[PDB]
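Undergrad: quick one, structure for this:
(one chain, ligands or ions: 1)
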Amino acid sequence: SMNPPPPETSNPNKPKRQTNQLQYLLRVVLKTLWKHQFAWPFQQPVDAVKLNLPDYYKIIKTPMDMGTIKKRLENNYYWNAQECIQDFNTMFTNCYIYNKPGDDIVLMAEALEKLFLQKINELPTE
Ligand SMILES: Cc1ncc2n1-c1ccc(Cl)cc1C(c1ccccc1F)=NC2
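TA: Residues are numbered from 1 along each chain as shown. Okay, here it is:
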């Protein structure tokens, strides 16, 4: 029983770019979530082996985590802000899908998502 490879943090075939919205996403949006008290289960790829979740990667076929996003932003992996927002959005949704609606993790993701939404209200005009 094995974990999949984590999502790529670089691809030499994918065009790279820095935008003031991607800078804002790293310096502000990601710093804000990363430092949160509820950030810890989302700072890395979901370890199905270590966590005892043999069904996790049968259900969630597009995993994403903030460690992957942070590394993506640091390597200019994204072309635009929408790409990154999407990865964040995937992360949240993944959590919503797999967990029972009253699990603690679900409440944590909701707390991080409302924070996410607040922060991206001040995303610069590109
Ligand atoms: C992301 C994610 N989706 C599903 C899981 N997780 C998760 C990931 C990492 C860690 Cl350290 C715990 C959990 C936890 C978890 C988090 C907080 C409280 C209890 C838990 F089982 N559950 C499995």
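
Undergrad: so for the helix or strand harbouring residue 31, what gets flagged as buried?
TA: Per DSSP states H and E, residue 31 falls inside helix 31-34. Going by neighbour count (16 or more other Cβ atoms under 10 Å), the buried part of helix 31-34 is 33, 34. C-beta: built from backbone N, CA, C; applies to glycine.

Undergrad: write out the residues of the chain neighbouring the ligand.
TA: 41, 42, 46, 51, 53, 95, 98, 99, 104, 105 (Cβ under 6 Å from any ligand atom).

Undergrad: go with 8 Å
TA: The chain comes close to the ligand at residues 40-42, 44, 46-47, 50-51, 53, 56, 65, 91, 94-95, 98-99, 103-105, 108-109, as judged by Cβ under 8 Å from any ligand atom.

Undergrad: drop anything exposed from these.
TA: The neighbour-count test (16+ other Cβ under 10 Å) marks 41, 42, 46, 53, 56, 65, 91, 94, 95, 98, 108, 109 as buried among the residues of the chain next to the ligand.

Undergrad: hmm, who's touching stretch 70-83?
TA: If you take Cβ atoms under 8 Å, 6 or more residues apart in numbering as the criterion, stretch 70-83 is touched by 8-11, 14-19, 21-22, 25-26, 30, 34, 84, 87, 123, 126.

Undergrad: quote the end-to-end distance of that stretch.
TA: One end of stretch 70-83 to the other measures 13 Å (Cα to Cα, to the nearest Å).

Undergrad: identify each buried residue in that stretch, please.
TA: Buried, per 16+ other Cβ under 10 Å, within stretch 70-83: 70, 71, 72, 73, 76, 77, 78, 81.

Undergrad: kind regards, and thank you for your time.
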